[PDB]
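Only one chain is shown below, in structure tokens, and it's the form deposited in one PDB entry.
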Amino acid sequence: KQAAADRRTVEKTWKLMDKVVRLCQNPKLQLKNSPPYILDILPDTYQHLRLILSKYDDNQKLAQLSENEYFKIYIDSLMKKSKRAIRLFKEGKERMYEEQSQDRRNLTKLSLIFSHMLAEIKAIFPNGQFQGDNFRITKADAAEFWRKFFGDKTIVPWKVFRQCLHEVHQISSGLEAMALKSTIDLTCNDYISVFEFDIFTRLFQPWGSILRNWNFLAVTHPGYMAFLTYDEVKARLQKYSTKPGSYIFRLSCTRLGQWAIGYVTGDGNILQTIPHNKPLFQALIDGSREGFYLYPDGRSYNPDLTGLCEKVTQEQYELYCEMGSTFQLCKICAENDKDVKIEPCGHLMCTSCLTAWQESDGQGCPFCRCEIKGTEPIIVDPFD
């Protein structure tokens, strides 16, 4: 449960965000000015919160704002992520000044989360006023699914979302559900907002085959580059500037819900196209036919996508999850966090999954089958 998001609670997030900005201003970090840039995002998040407060301009309106389900979750998540960034610096020490460290990679994961939370609050409280209950999902067939299972909710727990999505599009494993959570839960708060749902269904449309589109285009396609800036697209394609037709497709933290396809022209330049609210596989098929998109990430083989007009290893899901924040999630159910450690193997899972395995007379540890000599309750952090 989350506390009421009253003025005092909102101001506590500002004080935590101020500490994060000051830690990130350390000259030793050499933090680059490129999206997601925490030094721009946190001041812009304070400004949007200030704008919301200015619209709920009396004690009656403040009381209604403080009990809004989405706003309580947002403020609780912002508090947690800001505390996590402070803890990152406290535990990371001198490794924060090494650009290639896992600690600095974790700061990039948090910067992406802050960027996505700012985009989310701007979409749910446009001009500072709550419109979550009136949110217009871009694809009507996706909107009908959200209205059927969640009515006019602005946000729902991941556990409930996953179970309901499975009733329409079957998810075949815990690892697939984990990769799917990492893809949709962009704010990494264990909830799916109607805004996060809108982004996912725009990217992986058409709705009728959404999980096939996602498994093919994001999890296994060699052209997929996840969140990149244009400087990063150029750096990836530069080595293929003498191979016209070399291409990649990326997500953009400043253009959520849209793809950007970077490609090498016949004259060796690197350009990009933003497909116009149409399926990505159709833009890639058309571009292949026209001779523009031939070699994904410069590779000799371009996967045939025509099966998407009318498969994934457990390793492929694992590799896809590396950039995300799902280490704390139980890999067996992909719906509860890891809360038990087995001795002596050290494997982690939720107690509900371990109990189910033991009640089935499963041999030892669910993962490695070794004898369980003891168990211990544990708390797992996404950056452990």
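In this text, residue numbers run from 1 along the sequence as written. Whichever C-alpha set is largest while still superposing within 1.5 Å between the two forms counts as the rigid core.
Beyond the structure shown, there is the form solved in complex with a partner chain, which is absent from this document and is the topic of what follows.
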I'd like to know whether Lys278 contacts its partner chain in the deposited bound form, with contact meaning heavy atoms within 4.5 angstroms.
yes
So, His221 and its partner chain: in the deposited bound form, are they within 4.5 Å at any heavy atom pair?
no
When the contact criterion is heavy atoms within 4.5 Å, does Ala226 count as touching its partner chain in the deposited bound form?
no
Though only this chain appears here, would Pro303 touch its partner chain in the deposited bound form if you measure heavy atom gaps against 4.5 Å?
no
Let me know the one among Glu290, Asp141, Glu98, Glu91 whose heavy atoms come within 4.5 Å of its partner chain in the deposited bound form, would you?
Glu290
Its partner chain in the deposited bound form has a heavy atom of only one listed residue within 4.5 Å, and of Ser241, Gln272, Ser182, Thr108 that residue is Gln272
Listed range touching its partner chain, judged in the deposited bound form by heavy atoms within 4.5 Å, from 244-252, 114-122, 157-165, 202-210
244-252
Shifting its Cα by 2 Å or more between this form and the one not shown with the rigid core aligned, the only one of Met79, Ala226, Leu211, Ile137 is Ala226
Core-aligned CA displacement of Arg250 at least 2 Å between this form and the one not shown
yes
For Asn269, is the CA shift between this form and the one not shown at least 2 Å following rigid-core superposition?
yes
Checking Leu165 here: with the core superposed, does its CA move 2 Å or more between this form and the one not shown?
no
Quick one: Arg104 and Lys239 C-alpha atoms, closer or farther in the deposited bound form compared with this form (3 angstroms or more)?
closer
Quick one: in the deposited bound form, is the Cα gap between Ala260 and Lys109 smaller or bigger than here? Answer closer or farther; it shifts by 3 Å or more.
closer
